[PDB]
Engineer: 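Encoded as structure tokens, here's the structure I'll be asking about.
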There are 2 protein chains.
Amino acid sequence: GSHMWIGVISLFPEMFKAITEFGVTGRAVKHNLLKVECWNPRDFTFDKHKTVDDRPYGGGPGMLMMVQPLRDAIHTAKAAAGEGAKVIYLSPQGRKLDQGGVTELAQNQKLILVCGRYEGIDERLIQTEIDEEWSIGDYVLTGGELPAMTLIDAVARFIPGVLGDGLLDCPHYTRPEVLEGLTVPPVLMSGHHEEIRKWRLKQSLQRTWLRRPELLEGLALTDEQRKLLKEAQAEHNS
Amino acid sequence: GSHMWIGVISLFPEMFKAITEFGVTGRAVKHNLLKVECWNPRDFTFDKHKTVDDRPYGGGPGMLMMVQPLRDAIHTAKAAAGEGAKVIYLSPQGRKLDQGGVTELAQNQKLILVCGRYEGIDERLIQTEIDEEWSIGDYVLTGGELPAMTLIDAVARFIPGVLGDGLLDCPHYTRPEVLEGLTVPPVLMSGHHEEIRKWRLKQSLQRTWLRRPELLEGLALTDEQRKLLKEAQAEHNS
Ligand SMILES: NC(=O)c1ccc(NCc2ccccc2)nc1
Ligand SMILES: NC(=O)c1ccc(NCc2ccccc2)nc1
């Protein structure tokens with residue numbers, strides 16, 4: 001179906017074996033539904049020790065990505081990608097990634113993900129080589145590899161043939177019928193496909209209201225959703 | 001220093017090689033600063049085909065984690081962990097993970113991370129086996145492996161000997177002095193350690209104000225921070 005090519009710039013290309021060789025994403029890669037090609041900036045070095053880090057101007061305790069190997073790696077990825085590729089840099093300063101943001105990034109046929117290590121990359125590289133800056137959350141990691149793999153995994157779920165709403169997911173139950181005294185909701189085993197659908201939607205509205213109330217504020221609930229929410233709030237208030 | 005043991009329940013334990021064999025986290029594991037031990041629920045199956053998924057009550061297109069292999073795997077991890085271990089389940093319905101949440105989870109000496117596949121796990125398992133439910137962001141992934149690895153990587157940065165603020169990070173510059181016409185801020189190459197510190201803090205306040213304004217609202221800025229923010233806002237308004 002809709003093929004998706006993702007170019008990756010990273011000092012540890014082996015980390016991406018976690019998604020290219022396992023689970024649903026590994027199957028999407030095997031079936032040529034998703035192509036992940038990695039470029040290591042270490043291969044673009046020229047000194048004897050293959051230096052990929054550099055000291056930052058102004059002092060500072062930390063280090064940065066060395067510009068020349070990183071910049072050359074990026075240009076190589078752009079050449080292989082051709083035109084249309086959107087270059088993305090993963091950093092806490094980037095745009096917060098939500099499901100709506102995942103759908104947007106999934107609209108791209110070609111993507112280039114720059115994985116930064118140490119204290120990040122040079123600011124001038126962002127202005128000249130990076131199109132969009134993204135963040136998977138307000139937390140700091142040792143590298144942009146995991147956020148990159150998170151992005152790739154997220155957008156992969158939208159590729160046609162990979163698999164087979166605004167609210168939190170309803171509770172799910174499977175065998176056995178009774179687990180440590182706790183029983184499965186009888187409505188789920190009633191066969192009433194309409195009552196079951198209404199139940200699941202109702203529980204989704206309740207869990208969203210109790211756990212993530214701010215998510216409901218940015219939603220325009222349907223007449224059915226407004227009903228089930230009012231019922232859930234009434235039942236919660238005994 | 002402060003040792004940290006993290007037990008992991010996952011159908012793909014090989015994915016965690018991405019953090020246990022590479023970069024800073026891989027070094028922390030090698031130096032016995034961080035221990036990651038994986039249990040595969042597939043090893044706790046008894047049928048010929050090692051079934052680990054089960055059909056959900058009420059119909060539904062998707063599948064769930066089979067309770068018996070998962071439950072047995074969890075109990076085994078608790079036995080090896082001993083007392084004090086906090087069991088965590090990664091799911092979008094969980095508490096949103098921020099840097100403040102990372103610090104909290106880093107206070108635990110022992111952790112058990114349950115990685116859910118398919119449409120998740122049985123709700124009754126969460127009530128009986130899970131202590132805290134967490135989310136790395138408002139997006140859906142093919143599994144809880146990447147969120148688990150994200151958590152492990154995040155809390156690893158707080159382990160003493162692994163390495164060596166509320167605001168977004170300031171711009172960083174390294175060699176060369178001029179890159180495609182763009183120059184390094186002269187203040188950074190002035191040597192003025194006080195002016196440089198004030199500059200970096202000022203840029204952090206400006207980037208936070210322009211990109212993530214909601215982050216500033218939940219902050220009690222110091223007198224110096226209030227000054228530099230007012231100056232940045234004045235300079236931004238020409
Ligand atoms: N929150 C995220 O998406 C994220 C991305 C990367 C990361 N570490 C890489 C990095 C470190 C410092 C500066 C720039 C990038 N941590 C978290
Ligand atoms: N947002 C997260 O932290 C997250 C965690 C897990 C995940 N996929 C695993 C899963 C799928 C369905 C139900 C429960 C867990 N996706 C995202």
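Just follow the structure's listing: the first ligand is 1, and inside any ligand the first atom is 1. Proteins get letters first, then strands, A, B, ... in listed order; numbering begins at 1 in each. We use all heavy atoms of the structure for the numbers below, so side chains are in, but hydrogens, waters and symmetry mates are not.
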Engineer: If you apply the rule side chain to side chain contact (heavy atoms under 4.5 Å, CB included), what do you find for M65(B) with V52(B), and how did you get there?
Structural biologist: CA-CA 6 Å; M65(B) 304 280 293; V52(B) 292; over 6 Å; no
Engineer: Testing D153(B), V24(B), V155(B), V29(B) one by one against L34(B) for a side chain to side chain contact (heavy atoms under 4.5 Å, CB included), which residue passes?
Structural biologist: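 Among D153(B), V24(B), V155(B), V29(B), the one meeting side chain to side chain contact (heavy atoms under 4.5 Å, CB included) with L34(B) is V29(B).
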Engineer: Give me each pair satisfying salt bridge (charged side-chain N to carboxylate O under 4.0 Å, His left out) with a member in residues 137-146 of chain A, each pair once, sequence neighbours excluded.
Structural biologist: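 Found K96(A)-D138(A), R117(A)-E145(A), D138(A)-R212(B).
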Engineer: With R197(B), which residues qualify under salt bridge (charged side-chain N to carboxylate O under 4.0 Å, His left out), at least two apart?
Structural biologist: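 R197(B) satisfies salt bridge (charged side-chain N to carboxylate O under 4.0 Å, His left out) with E194(B), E224(B) once adjacent residues are dropped.
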Engineer: Within the distance-only criterion (no hydrogens, no angle test), does the side chain of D122(B) pair as donor or acceptor with the backbone N or O of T174(A) below 3.5 angstrom?
Structural biologist: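 Present.
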Engineer: May I have the list of side-chain donor-acceptor pairs in residues 161-172 of chain A shorter than 3.5 Å, sequence neighbours left out?
Structural biologist:
from    : atom 1 : to      : atom 2 : distance (Å)
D165(A) : OD2    : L167(A) : N      : 3.2
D169(A) : OD2    : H172(A) : NE2    : 2.8
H172(A) : NE2    : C170(A) : O      : 3.4

Engineer: Considering only N or O atoms, set out every pair between ligand 2 and the protein closer than 3.5 Å, with distances to one decimal place.
Structural biologist:
from     : atom 1 : to      : atom 2 : distance (Å)
ligand 2 : 1 (N)  : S135(B) : OG     : 3.2
ligand 2 : 1 (N)  : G137(B) : O      : 2.9
ligand 2 : 1 (N)  : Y139(B) : O      : 3.1
ligand 2 : 3 (O)  : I136(B) : N      : 3.1
ligand 2 : 8 (N)  : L141(B) : O      : 3.0
ligand 2 : 8 (N)  : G143(B) : O      : 3.3
ligand 2 : 16 (N) : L141(B) : N      : 2.9

